[PDB]
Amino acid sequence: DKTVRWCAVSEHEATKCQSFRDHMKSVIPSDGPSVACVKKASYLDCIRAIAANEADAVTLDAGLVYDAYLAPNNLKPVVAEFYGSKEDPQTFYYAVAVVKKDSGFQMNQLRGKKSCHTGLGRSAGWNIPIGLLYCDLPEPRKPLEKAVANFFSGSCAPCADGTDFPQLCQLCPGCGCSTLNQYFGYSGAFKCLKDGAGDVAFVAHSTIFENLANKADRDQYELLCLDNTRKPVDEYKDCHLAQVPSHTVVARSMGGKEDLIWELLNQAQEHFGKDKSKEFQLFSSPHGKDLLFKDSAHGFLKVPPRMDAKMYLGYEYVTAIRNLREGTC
């Protein structure tokens, strides 16, 4: 057949996935690619389902793309999101640390503060910030989740085990690993800061602009720069923690339908990409932000043939993840 089983994480994404399915059906000849929706409680279940031949595709943050490639799943990156514009595609985005203006603390004064993370293992929300703060964390630094919980005075790290690490869910009881948790992901980590639960939100450079439409409102927030200074949210290019690779669609290595997945997404971006349709949009939704794909994405780029997560992500980001897990001071 020609159906790509897409893995939607929870109700909000499932809704957008069904709309994705219906709209594609309304414009695609019965000759082209179709989309079926498989709903899961977490991205972890999506990875398992795909390896088990129960689903075919799911978009993951780069940190999770790395995790998906590890045994026994061994998933491969097949289609990447790109940002910026079609004219000059960016296969990366900036990891930033958003804070409220006048809160009186720098990067080197994060100990004792409250943190809002997009999710455990994610680029901007975990890998990058925790990697930079690693040696500041109290010993024993392993397990990492506990050292981080001990460092801050309460946090929200979605997908973390609230039984083993209670304080990592102090700002979002249960540490839900989906949009059901209002403090999950980019928009959720930011809401965690805006509502007053946290002192810092580890998100992407575009998150505040996507969740705060007014400039006067944004002026009440700032970014923590690596040199222990603060700068306006519009100056993320000169005040970020690191550049990280795009969120990417992964699939099985064997019988993964990578060709159909690309065919589906390439046709999907033409019909429902940025500014393409008044009926449906792949990169936004009335049901929420960053559902299925990031709202900041402008399109898709095909990953070279047979490329694995390690080669795709690049030695630098891979080394960043390995240093986090293995490294010391």
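We number the residues from 1 along the sequence you see.
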task: Pick between 300-308 and 58-66: the one whose mean CA B-factor in the entry is higher.
output: 300-308
statement: Mean Cα B-factor check, 39-47 vs 24-32, entry values; winner is 24-32
- prompt: Based on the PDB record, which member of 257, 215, 111, 191 exhibits the highest Cα temperature factor?
  reply: 215
statement: Note to self: of 158, 138, 198, 173, the C-alpha temperature factor tops out at 138
- line: The third of the chain into which the C-alpha temperature factor of residue 152 falls is the middle
query: What third of its chain's C-alpha B-factors does residue 274 belong to: lowest, middle or highest?
result: highest
message: Using the temperature factors of the C-alpha atoms in this entry, rank residue 163 within its chain: lowest, middle or highest third.
response: highest
field: residue 131 CA temperature factor, ranked by third within the chain
entry: middle
- line: Sorting the chain's modelled residues by C-alpha B-factor and splitting them into thirds places residue 103 in the highest
